[PDB]
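Only one chain comes next, encoded as structure tokens, the form deposited in one PDB entry.
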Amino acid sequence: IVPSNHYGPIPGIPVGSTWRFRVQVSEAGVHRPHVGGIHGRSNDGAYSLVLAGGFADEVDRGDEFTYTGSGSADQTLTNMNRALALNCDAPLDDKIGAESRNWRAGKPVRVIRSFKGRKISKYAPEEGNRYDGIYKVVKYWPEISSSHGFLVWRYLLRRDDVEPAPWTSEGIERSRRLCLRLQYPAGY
């Protein structure tokens, strides 16, 4: 195993790894919570997050994407929201957010793109949940959701991984080379 609060890639799980259900992603250690989009500790940082299209105003360019906190009424920079913000190379600011000094100095975040992400993203997988590698918080800030109309906390993530992204020619060749296929639970 690895500890629940492990930063960085999970040993033995290559980028391009794909599981049918969230619980499988949880078993593999890649994203512990079965439901929540963010795994983190509010005084340490965030270890991983899931892109599943929950917010219609989010955008995804593959190398970069915006992401939304949780917590309808206004969100606050608390709990998991605070945790992800702490990954950014910048002082914590729960009033106007912050932009990183040197973005690559941020703590790494495992990113999982779900098929449900096709609602807003062209880079999301056709099926299941795909591990897409390590990203870092460039900046975070509060804003009124265009789609929902209450204050949300938004984050800009930028990929910084030695493993090639699954949609690139190189990443596609590697998935094939490692025979990465959609994993169903035993019997299912």
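Shifts are known only where both forms have a C-alpha. Counting begins at 1, following the sequence as shown. Here the rigid core means the biggest group of C-alpha atoms that line up within 1.5 Å when the two forms are laid on top of each other.
- Per the record, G71 and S72 are separated by 10 or more deposited residues that are missing from the model.
- Comparing 54-62 with 131-139, the higher mean C-alpha B-factor in the PDB entry belongs to 54-62.
- For the pair 160-168 and 175-183, the record assigns the higher mean C-alpha temperature factor to 175-183.
- In this PDB entry, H39 carries a Cα temperature factor that places it within the lowest third of its chain's modelled residues.
- Annotation for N102: CA B-factor lies in the highest third of the chain's modelled residues.
- When the CA B factors of the chain's modelled residues are split into thirds, the value for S48 lands in the lowest one.
- When the modelled residues of the chain are ordered by C-alpha B-factor, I112 sits in the middle third.
- Among the modelled residues of its chain, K119 has a C-alpha B-factor that falls in the highest third according to the deposited record.
Keep in mind that the form deposited in another entry is not shown, yet the notes after this line are about it.
- With the core held fixed, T66 shows a CA shift below 2 Å between this form and the one not shown.
- Taking the rigid core as fixed, one finds a CA shift for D57 of 2 Å or more between this form and the one not shown.
- The Cα shift for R32 between this form and the one not shown, taken after rigid core superposition, is smaller than 2 angstroms.
- In the other form, the CA atoms of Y47 and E58 move farther apart by at least 3 angstroms compared with the shown structure.
- Contraction of the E99-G54 CA spacing by 3 Å or more is recorded in the other form, set against this form.
- In sequence order, 53-58, 72-74, 144-151 are the runs of at least 3 residues present in both forms whose Cα atoms shift by 2 Å or more between this form and the one not shown once the core is superposed.
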